[PDB]
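What follows is a set of notes on a single structure, which appears directly below.
FYI, it's all coordinate maths here, none of it is from the lab. Virtual Cβ from ideal backbone geometry, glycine too; neighbours counted across all protein chains shown.
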Amino acid sequence: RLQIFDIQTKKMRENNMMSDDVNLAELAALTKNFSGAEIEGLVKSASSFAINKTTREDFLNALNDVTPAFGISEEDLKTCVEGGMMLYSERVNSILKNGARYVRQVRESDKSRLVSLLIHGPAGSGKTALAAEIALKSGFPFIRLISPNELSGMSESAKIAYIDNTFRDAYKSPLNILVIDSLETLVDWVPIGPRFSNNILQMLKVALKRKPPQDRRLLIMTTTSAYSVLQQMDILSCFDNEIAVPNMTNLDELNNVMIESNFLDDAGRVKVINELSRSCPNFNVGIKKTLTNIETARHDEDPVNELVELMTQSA
Amino acid sequence: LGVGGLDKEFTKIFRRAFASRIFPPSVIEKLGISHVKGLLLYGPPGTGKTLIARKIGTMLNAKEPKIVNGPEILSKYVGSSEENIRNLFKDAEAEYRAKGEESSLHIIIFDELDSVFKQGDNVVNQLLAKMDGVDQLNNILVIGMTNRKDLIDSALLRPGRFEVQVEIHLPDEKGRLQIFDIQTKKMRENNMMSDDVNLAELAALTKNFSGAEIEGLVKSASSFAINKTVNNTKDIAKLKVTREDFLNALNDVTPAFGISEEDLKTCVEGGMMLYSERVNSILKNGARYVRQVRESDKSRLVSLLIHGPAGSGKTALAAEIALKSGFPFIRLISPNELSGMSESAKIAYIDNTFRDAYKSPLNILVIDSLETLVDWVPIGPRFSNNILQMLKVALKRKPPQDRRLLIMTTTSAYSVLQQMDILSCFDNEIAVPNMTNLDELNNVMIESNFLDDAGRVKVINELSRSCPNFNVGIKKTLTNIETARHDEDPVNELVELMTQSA
Ligand SMILES: Nc1ncnc2c1ncn2[C@@H]1O[C@H](COP(=O)(O)OP(=O)(O)OP(=O)(O)O)[C@@H](O)[C@H]1O
Ligand SMILES: Nc1ncnc2c1ncn2[C@@H]1O[C@H](COP(=O)(O)OP(=O)(O)OP(=O)(O)O)[C@@H](O)[C@H]1O
Ligand SMILES: Nc1ncnc2c1ncn2[C@@H]1O[C@H](COP(=O)(O)OP(=O)(O)O)[C@@H](O)[C@H]1O
Ligand SMILES: [Mg+2]
Ligand SMILES: [Mg+2]
């Protein structure tokens, strides 16, 4: 990419129309998966800044207007899928360190060019947020997620073609990561029949075992909440490891979350725990329920007496 | 003359199709016979069917053959398609009325005939009318060429229409040696070729090549020598191609009907260690089967089913046996290749693959995920019946004319198949078990150089009383071995992962 920058900026350099503070070497590193036309567009946008004013900052600002293919889907992953992250238990830290180890292994090994992991647990635990958070810290150039929102209102034939085209594009960068969300909902599962589409299932089953070409590598993460259903369709031999995400069952974790969420002074935080000590000592709820009950209690006239009632109802 | 290889398939053609034209009309009328007016040739593409016709045309001093393309005729408009047929024979019609019996021979060539039957009738009727009906013309000879003889309707093969039929095969070692001489005569005769180039050695390296590929190889070899001087510069007096040029050129042309080595090497095999006696026994049996195939006449078809627990390592043994065999033709029909195709498309693809497999002395077919191809699901159960019968029939059929292939398929649903009643198709069964002893784990850890012996013994010490009755396949064990290598505490992580997997 350095030579492409040289070719593009030779004309600018040759007429002393370029500042001396701009270094092309750093630009050659900032643009990680750009093409020639992308560099041309970047140069044009940067020159537009100088033209409109009547430098390095011009290029740095132009970098914010051009988004390349094979880039990072920052908005979809960051905003919707992550709305808080607090270490309420040791298991979260263990899961995060294992994920980091796997991410580093994928980058620093030749034998492992394809790793697939399955994240399953009761609904509302937070599987999807962990899946996206692990990928965000990796820093790989390419990241994409497949969720039902993309396939809504489509026919089956278009669905297969779309997924196959995405997987085809996945094999054209040094590093890739893919996320799959709510596997059961993608296949249109309803238990009365049961009813579902078999072609999509077979296509996914074939895809999940294929290896990339030319010393290339990619990582796959999937999230599910129907482990038994997947057991019925005997596709458990595709994933090389599993991770379990349980719910909360101790009052200490609830206290830690309450402290992290800035509920109120310690006086009432002690009273809530004291009441729940003998109200229902064996509650079992997820993070999503608690982080919405805390939100609900804050806006009420009697937060202490309302949060306890909500906890009793949920349990 | 200009044609090498085919020797016995040319004398027979000349005996029947052309031998009569030489003699004077007097003796022919004396005998009371008639000249043959049809001829059919079939074989794999790019093997030299038109060349023999053109070269045999020159001996008789006949007019230069005309050519017609079947798809071209069919694609044009209907009116022009009907009109153009009468144009081909115009010269023959004129010269016949001009001279009579003493006219010269005219030869016409027709290519891709089967395209007309693959669906058109007007052209066939007009062709037959000019050569069989009351409009008989006694100065033409029609030659038809097709790659699939079974599709031509039997009505055309009876006497009076395409009486003689011939087949063309891929060249033998002698054929490749002769075609190389035919190609390099000009270079040899003017001293532009080195003395270190040996053709007898070149003949063996190119195994399943056709004539066009040999010509392209010569072209690339010449290009290699030419490029070495440019960058035009007057030095061209000692230009002489050499062996190294052809050896480099060999790595440039990839033939059809050839080894798909990339799929065999990259995706399937990435590690192989003999940790037990059973692996050695399996490999020995595979080698024995290969040698049985190579040096026996009674066995021309062998099919095997390798079965075991999911993730046992099935796909690795098959590819390892296949690669060491050294066969000219190796191929796989797998869900990766069939992905995204329709049902009828799948049927046609499988049929075409099997037909192509019948055109080499030795072949290997690897069918991957047999239960997945049929699209089976235990819930219904659901499956496509039509594909099942195709696969059931194809697994017993024998290749024609003393050819041989080995089919191998892998599955993990032995109960489903035995229920389906298709277990009579497979000649033999092989079972690959999982690891059940810690001494095997010790060898697995040792041969991968996981870490030093001091920490090596500790893992065994811990597993001795952690969980002595583990049962895990090679894939999961080797993945855990590698995933524990990038951690701060290899021992605890490895022990916990291996215990959890069990
Ligand atoms: N440690 C944590 N792990 C997961 N989620 C957390 C954590 N701390 C806070 N949260 C909050 O939990 C909320 C619920 O998680 P998330 O949105 O990932 O749900 P989910 O498991 O994908 O949901 P569903 O099962 O309905 O598909 C997130 O908005 C996140 O803000
Ligand atoms: N001796 C061996 N036998 C089998 N596999 C081995 C051996 N040594 C190492 N391996 C590794 O085992 C891994 C598992 O192989 P493979 O994926 O083909 O198995 P499988 O049981 O057919 O898998 P699948 O679940 O896709 O059906 C391969 O990556 C190979 O690297
Ligand atoms: N035995 C042979 N000797 C020399 N050249 C051959 C031979 N067989 C095929 N060829 C090459 O094949 C080319 C023509 O083949 P082609 O007309 O395509 O036959 P078909 O169409 O029947 O496959 C020629 O360029 C010729 O050099
Ligand atoms: Mg989910
Ligand atoms: Mg396999």
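If you go through segment B:287-321 and pick out every residue that is assigned to a helix (DSSP H, G or I) and within 13 Å of ligand 2 (Cβ to nearest atom), you end up with 8. Out of the residues in segment B:248-273 that are surrounded by 15 or more Cβ atoms within 10 Å (Cβ to Cβ) and assigned to a helix (DSSP H, G or I), which is nearest to the other protein chains (Cβ to nearest Cβ)? So the residue we want is B:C267. Highlighted here are the helices (runs of 4 or more DSSP H) found entirely within segment B:428-502 that include at least 3 residues which are farther than 26 Å from B:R278 by Cβ and within 14 Å of chain A (Cβ to nearest Cβ): B:490-501.
Residue count for segment A:116-169 satisfying the condition of being exposed (fewer than 14 other Cβ atoms within 10 Å of the Cβ), within 28 Å of A:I95 (Cβ to Cβ) and of a type in the set (G, A, S): 2. Of the residues making up segment A:183-227, those that are polar (S, T, N, Q) and away from chain B (no Cβ under 12 Å) number 5. Being out of contact with any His (no Cβ under 8 Å at 6 or more places or on another chain) and either under 28 Å from A:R113 (Cα atoms) or within 16 Å of ligand 4 (Cβ to nearest atom) (or both) holds for only one residue in A:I146, A:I192, and it is A:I146. Among residues of segment B:132-153 that are hydroxyl-bearing (S, T, Y), those with a Cβ under 9 angstrom from a residue that is buried (at least 19 other Cβ atoms within 10 Å of the Cβ), sequence gap 6+ or separate chain, pair up as B:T146/B:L40; B:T146/B:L41; B:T146/B:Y42; B:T146/B:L113; B:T146/B:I152.
Checking each residue in segment B:16-46 for being under 30 Å from B:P255 (Cα atoms) and surrounded by fewer than 18 Cβ atoms within 10 Å (Cβ to Cβ) picks out B:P44, B:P45, B:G46. Scanning segment B:326-361 for residues that are touching a strand residue (DSSP E or B) at 6+ places or on another chain (Cβ under 7 Å) and either of a type in the set (D, E) or not in a loop (DSSP other than H, G, I, E, B) (or both) yields a count of 7. When you check A:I134 against the structure, is it more than 14 Å from chain B (Cβ to nearest Cβ), of a type in the set (A, V, I, L, M, F, W, C) and under 26 Å from B:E488 (Cβ atoms), yes or no? The answer is yes for A:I134. Check segment B:236-244 and report whether any residue there is out of contact with any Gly (no Cβ under 9 Å at 6 or more places or on another chain) and assigned to a helix (DSSP H, G or I). The answer is yes; a qualifying residue exists.
Being loosely packed, with under 14 Cβ neighbours inside 10 Å, away from chain A (no Cβ under 13 Å) and under 22 Å from the mean Cα position of the chain (by Cα) is a description that applies to B:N352. The condition of being touching a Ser or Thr at 6+ places or on another chain (Cβ under 9 Å) and of a type in the set (D, E, K, R) holds for only one of B:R300, B:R294, that being B:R294. Close contacts from segment B:458-486, counting a first residue that is under 15 Å from B:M445 (Cα atoms) and a second that is assigned to a helix (DSSP H, G or I) and hydroxyl-bearing (S, T, Y), with Cβ to Cβ under 7 Å and a gap of 6+ residues or different chains, come to B:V472/B:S501; B:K476/B:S501; B:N480/B:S501; B:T483/A:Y102. Just checking, does segment A:79-87 include any residue being crowded, with 19+ Cβ neighbours inside 10 Å, away from chain B (no Cβ under 14 Å) and away from ligand 1 (no atom under 14 Å from the Cβ)? Checking segment A:79-87: not a single residue is crowded, with 19+ Cβ neighbours inside 10 Å, away from chain B (no Cβ under 14 Å) and away from ligand 1 (no atom under 14 Å from the Cβ).
Would you confirm whether or not segment B:95-107 contains a residue that is farther than 17 Å from B:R21 by Cβ, surrounded by 12 or more Cβ atoms within 10 Å (Cβ to Cβ) and among the charged types (D, E, K, R)? No: zero hits. Does A:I143 satisfy the criteria of being among the β-branched types (V, I, T) and either within 16 Å of ligand 2 (Cβ to nearest atom) or closer than 24 Å to A:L230 by Cα (or both)? Here the answer is no, as A:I143 does not meet what is asked.
When the criteria are applied in full, B:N363 fails the requirement of being within 14 Å of chain A (Cβ to nearest Cβ) and either touching a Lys or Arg at 6+ places or on another chain (Cβ under 6 Å) or under 29 Å from B:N208 (Cβ atoms) (or both).
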